[PDB]
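Taking it in order: structure first as structure tokens, then the write-up.
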Amino acid sequence: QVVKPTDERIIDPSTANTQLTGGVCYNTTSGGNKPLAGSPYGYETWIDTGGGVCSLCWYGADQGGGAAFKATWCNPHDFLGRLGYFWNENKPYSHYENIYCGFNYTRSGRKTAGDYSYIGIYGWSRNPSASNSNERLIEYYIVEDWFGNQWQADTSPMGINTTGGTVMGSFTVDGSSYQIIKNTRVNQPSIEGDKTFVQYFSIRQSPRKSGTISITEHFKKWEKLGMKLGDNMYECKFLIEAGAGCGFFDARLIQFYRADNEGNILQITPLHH
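Residue numbers for the sequence shown follow our numbering, beginning at 107 and rising by one.
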């Protein structure tokens, strides 16, 4: 019994399908979070100079819910483009209350993003007091959609053969079941250098290109399964990741907002006939 917000500044994602223009584009690796002018958000790009042309283009503070962007890649070697909240102020997820993201995008078709790919919500968290040192750094994904590959349709949810790890459980939210997976990344690149850390995934069983993500509901369910996030959330951004391929992602809407359990808006973007 968390009340879903009904505030009229919330844009209905189902009909938010007007092509945006006037993007500001970034074609190289950003080197972490970069803040956006007149916006609460920041972007990050990871673009391999050894691959082909990639970009992320932000649609600005006054349209598309304020976090909308278009991304492109061609022969990338794991392109990541992402935009949303950057935190990293020593607070657990629960400090940020009930986080929601409304979205609506187009993208290139099946098998245009390599053998693995991810679309949805992404970030990191820190939990230094965790007794298992593997669990002191967390990378997370809520996966609404992907590009499939030669072997599996983009209409079929990815599994542990793509993510690695172990199915911990599942639940239903925002109109679909989600499979919850935990994976350990052993001596791999992170935001703290090469080390061992864990990854939490929620995989939407019915992939989709528009709707609302009740982000905090994922965080709550992960923690019930022993998948703890700790006390210093790094960020919470909308992501497209392409392992390879040549394609695009083009959002007409990405709108983050936060509300308390009564459903009152604490933060929303944007902001007479």
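For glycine and all other residues, C-beta sits at the position ideal for the given N, C-alpha and C.
| Check | Outcome |
| --- | --- |
| Measuring CB atoms only, is the segment 248 to 256 touching the segment 217 to 225, in the sense that at least three cross pairs come out at less than 8 Å? | yes |
| Between which two residues does the beta strand (DSSP E) harbouring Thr151 extend? | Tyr147 to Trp152 |
| What are the complete alpha helix (DSSP H) segments, minimum 4 residues, inside the segment 224 to 288? | 266 to 269 |
| Within 10 angstroms of the Cβ of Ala143, are there 16 or more other Cβ atoms? Answer buried if so, exposed if not. | exposed |
| Counting pairs of beta carbons, one from the segment 174 to 184 and one from the segment 283 to 303, are three or more of them closer than 8 Å? | no |
| DSSP on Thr290, reduced to helix/strand/coil? | strand |
| Within 10 angstroms of the Cβ of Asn240, are there 16 or more other Cβ atoms? Answer buried if so, exposed if not. | exposed |
| Starting from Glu329, follow the alpha helix (DSSP H) in both directions and report where the run begins and ends. | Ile321 to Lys330 |
| Short of 8 Å in beta carbon distance, which residues of its chain neighbour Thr134, apart from the five on each side in sequence? Order them along the chain. | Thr151, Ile153 and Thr155 |
| I'd like the span of the beta strand (DSSP E) that includes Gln373, first residue to last. | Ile371 to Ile374 |
| Check whether the Cβ atoms of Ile374 and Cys207 lie closer than 9 Å to each other. | no |
| Mind the definition here: the segment 317 to 331 touches the segment 181 to 197 only if three or more C-beta pairs lie below 8 Å; say whether that holds. | no |
| How would you label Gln125, buried or exposed, when you count the other beta carbons within 10 angstroms and need 16 or more for buried? | exposed |
| Starting from the C-beta of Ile346, find all residues in its chain whose C-beta is less than 7 Å away, skip the five residues before and the five after it, and write them out in chain order. | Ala177, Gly187, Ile225 and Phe355 |
| Tell me where the beta strand (DSSP E) around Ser308 begins and ends. | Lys301 to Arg310 |
| Is the segment 337 to 345 close to the segment 230 to 245, with three or more CB pairs under 8 Å? | yes |
| Would you check if the distance between the CB atom of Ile244 and the CB atom of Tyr306 is smaller than 9 Å? | yes |
| Mark residue 380 as exposed unless 16 or more other C-beta atoms lie within 10 angstroms of its C-beta, in which case mark it buried. | With the chain covering 107 to 379 only, the question about residue 380 has no answer from this structure. |
| Looking at the structure shown, is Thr212 part of a helix, part of a strand, or coil, going by DSSP? | strand |
| Is it the case that the Cβ atoms of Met274 and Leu331 are separated by a distance below 9 Å? | yes |
| Give me, in chain order, the residues of the same chain whose beta-carbon lies closer than 7 Å to that of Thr112; leave out the 5 immediate sequence neighbours on both sides. | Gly369 |
| Would the beta-carbon of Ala350 fall within 9 Å of that of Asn204? | no |
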